[PDB]
Amino acid sequence: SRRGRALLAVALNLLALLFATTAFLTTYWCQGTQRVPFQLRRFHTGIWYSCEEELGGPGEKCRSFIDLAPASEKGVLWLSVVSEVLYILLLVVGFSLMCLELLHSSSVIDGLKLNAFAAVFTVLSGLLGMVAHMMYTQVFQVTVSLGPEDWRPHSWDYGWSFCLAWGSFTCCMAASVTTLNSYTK
Amino acid sequence: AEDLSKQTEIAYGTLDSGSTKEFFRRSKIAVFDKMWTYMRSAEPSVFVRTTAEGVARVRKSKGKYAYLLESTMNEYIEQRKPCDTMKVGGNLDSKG
Amino acid sequence: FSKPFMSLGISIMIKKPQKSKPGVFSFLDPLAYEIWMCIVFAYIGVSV
Amino acid sequence: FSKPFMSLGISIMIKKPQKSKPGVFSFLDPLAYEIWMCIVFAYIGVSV
Amino acid sequence: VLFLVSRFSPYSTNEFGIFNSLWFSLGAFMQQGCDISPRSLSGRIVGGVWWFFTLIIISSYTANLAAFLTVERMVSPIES
Amino acid sequence: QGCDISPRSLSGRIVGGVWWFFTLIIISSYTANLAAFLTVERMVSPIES
Amino acid sequence: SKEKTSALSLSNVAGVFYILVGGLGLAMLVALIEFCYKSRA
Amino acid sequence: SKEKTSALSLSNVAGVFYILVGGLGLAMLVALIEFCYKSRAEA
């Protein structure tokens, strides 16, 4: 029994290893479109590089997302990128301690304290992780309005891998309860 | 104009070669003497080249740059596209 | 010259005040800072 | 005449707005005082 | 986080399971409350801060719905 | 008015969970719409033709 | 004549989530020291 | 001329605190009246 509940917390955090890093590498967070005078181009911007598709070619003309942001919201944005690196790191610190939940690892003796430290390493990660997306979105709401130089999207809609960004935070909380109800029963 | 005196967070300037810059140098008003020193003392480049560059700094600096000019130009820029300026305060001196 | 057909003066030009960013603590914009301190002062006293 | 040594025009003259003095019991103001008393007398009614 | 705290030295019998910790928070968010209440200090903070979250969001919901229905009450379509 | 008796079963808590959201909207719809009457009132004529 | 109505954006109530999570990190911090205070006694 | 308020001030909700401070002062008095009634029975 205790092998299966411990395997479930590792398998969910392995998805949180996948979903949060799939969101972090992709640049498809906000699928916007921009007309020029009627000719609309479709684009997508992530956290680092804003790449728009040119009309009928290779496309992907990539501006860095940093310098286009306004000056007050730029150092606000760095606190999102600092915390997002602090999110992926503390999930790997969380997930590698889930590998010590395996009894093929170290021991039974003081291993139960390793699992009490384990969900804490995922909960204190996900709390910093949810804010790191909340810190991103309120910056992006400004850049639709007034921030950059005269490119303003027709749509500010969240694309894919932003739903994958919440799902890793969802899987961090679903895995932390799996290692804690088996901590009691 | 006394609110541009007691507050140093918002920059304010005139045209580089005009009677308006000539006005604050020869002033003996208590507030207007403080404004002329601040155009010179605390200074990254405050003044602009001509009137159109002064209006263009107002649209760009996002409420951090005020531009002191005539009251007959401060209304027409207000009533023209892209409609991003207003007229605050009263008329300071009188001309004709 | 003739008499002045138009009066004028030196006047300040500033940006149209748009809506800014709403503040980072803009949820407590209705009740001023004299009340949120005094509620906490009255929170402690009624508890004690 | 000379040139104008001051410029002037017609301007509006109204009374200065005084202090908006609310009173110490300004919070009771939305409900009329024939409601606030009848809340208390219907409080004793349902309590009985 | 309320479930995470109540399995440590917050004890006696641990009642705040994950099927109960959702039911306290949903009772706190709809302002109905439940019979259960956190008894340790680290449970009273997570039960305390979430109360201040549901006080602002509900009051922001009622006011903004009073903002739609007042502006819609003032549309006044063209009479002359 | 928070009742002392609480549901415990899951199908008791889905019923008490959805109904609690029913009261959060309707009481906030009723409070918001009484604001819309006392702020801007529109006195309407009985006849128009 | 150009006025309109608006939904509440995220930035309007953005502070309360930060009071929320900032309340959550303080709830984890006292959970350690109360685990320390109980264990010493 | 720069005095302008756009928020709820302490003066608009002042009498609630006056009921609250007045509510505490009548509460501590009755705690003295009840405590003397208990020392009446304990004698």
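Data block above holds the structure.
The rules behind these values
Residues numbered from 1 in each chain as written, not as in the entry; some residues may be left out. Chains lettered and ligands numbered in written order. Part of a larger assembly, values for the part shown. Heavy atoms only, no water. Helix = DSSP H or I, 4+ residues; strand = E, 2+ residues; numbered from the N terminus. Areas by Shrake-Rupley, 256 points an atom, 1.4 Å probe, with all protein chains shown as cover. Contact = heavy atoms within 4.5 Å. Buried area = accessible area lost by both parts, 1.4 Å probe. Salt bridge = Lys/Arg side-chain N within 4 Å of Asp/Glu carboxyl O. Polar contact = N/O pair within 3.5 Å; in protein donor to acceptor, adjacent residues only side chain to side chain. Nonpolar A, V, L, I, M, F, W, Y, C, P; charged D, E, K, R; others polar. Pairing = 2+ DSSP bridges. Axes fitted to C-alpha atoms, helices over the stretch in contact; angles between N-to-C directions. Parallel < 35°, antiparallel > 145°, perpendicular 65-115°, else oblique. Left-handed = near helix turned anticlockwise from the far one by under 90°.

S.K.: With reference to specific residues and values, describe the overall build of chain F.
M.R.: When helices and strands are counted, chain F shows one helix and zero strands. C-alpha atoms of chain F, sized along the principal axes, occupy 60 × 25 × 10 Å. Accessible surface computed for chain F: about 4200 Å², of which carbon and sulfur atoms make up 67%.

S.K.: Please set out the interface of chain B and chain C residue by residue, giving values where relevant.
M.R.: Contact with chain B, which involves 34 residues of that partner, is made by 13 residues of chain C. Together, the buried faces of chain B and chain C total about 2000 Å²; carbon and sulfur atoms form 65% of this surface. Where chain B packs against chain C, one counts one salt bridge. A salt bridge links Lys 15 of chain C to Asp 84 of chain B; the nearest nitrogen and oxygen atoms lie 2.6 Å apart. Linking chain B with chain C are twelve residue pairs in polar contact. For the side of chain B that touches chain C, the elements supplying multiple residues, two or more each, are α2 (19–25), α4 (51–61), β2 (65–70), α5 (73–76) and β3 (85–88) of chain B. Top contributing element to the side of chain B that touches chain C by residue count: β2 of chain B, with six residues. Class assignment of the residues belonging to the side of chain B that touches chain C gives a composition of 17 nonpolar, ten polar and seven charged. The pairing of β2 of chain B with strand β1 (residues 10–15) of chain C spans four bridges and is antiparallel. Across the sheet, the residue bridging to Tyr 67 of chain B is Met 13 of chain C, located in β1 of chain C.

S.K.: Could you give an account of the sheet that holds strand β1 (residues 11–13) of chain B, with specific residues and numbers?
M.R.: The sheet built from four strands is open, its strands ordered β1(B)-β2(B)-β1(C)-β3(B) with mixed pairing. Each edge of the sheet is formed by a strand with only one pairing partner; in this case those strands are β1 and β3 of chain B. With direction set aside, neighbouring strand axes in the sheet form an average angle of 35°. Where β1 of chain B and β2 of chain B come together, three bridges link them in parallel fashion. Bridging across to β2 of chain B, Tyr 12 of chain B finds its partner in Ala 66 of chain B. The sheet strands contacting α4 of chain B are β2 and β3 of chain B together with β1 of chain C, and the helix crosses β2 of chain B at an angle near 150°.

S.K.: Would you mind going over the packing of helix α3 (residues 71–98) of chain A against helix α5 (residues 163–184) of chain A in detail, with residue names and values included?
M.R.: All names here are of chain A. Where α3 contacts α5, the two axes come as close as 13 Å, and the packing angle between them is 30°. Overall, the two elements α3 and α5 adopt an arrangement that is roughly parallel. Regarding α3 and α5, the two cross each other, and that crossing is left-handed. In contact with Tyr 87, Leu 91 and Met 98 of α3, α5 contributes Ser 168, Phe 169, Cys 172 and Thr 179. Taken together, the residues that form the contact of α3 with α5 break down as five nonpolar, two polar and no charged.

S.K.: Describe the arrangement of the chains, naming the residues involved and giving the relevant values.
M.R.: Summarising the chain contacts, twelve pairs of chains touch, and the pair with the most contacts is chains B and C. One thing to see here is that chain A and chain H don't touch, and their nearest C-alpha atoms sit 25 Å from each other.

S.K.: Help me get a handle on the pairing of strand β2 (residues 39–45) of chain A, residues and values and all.
M.R.: Residue and element names in this part refer to chain A. For strand β1 (residues 33–36) and β2, the ladder comprises four bridges, and the chain directions are antiparallel. By the bridge assignment, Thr 33 is partnered in β2 with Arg 42. Where β2 and strand β3 (residues 49–52) come together, three bridges link them in antiparallel fashion. Residue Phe 43 lies in a different strand from β3, and its bridge partner there is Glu 52. If you look at the hairpin formed by β2 and β3, you'll find three residues sitting between the two strands.

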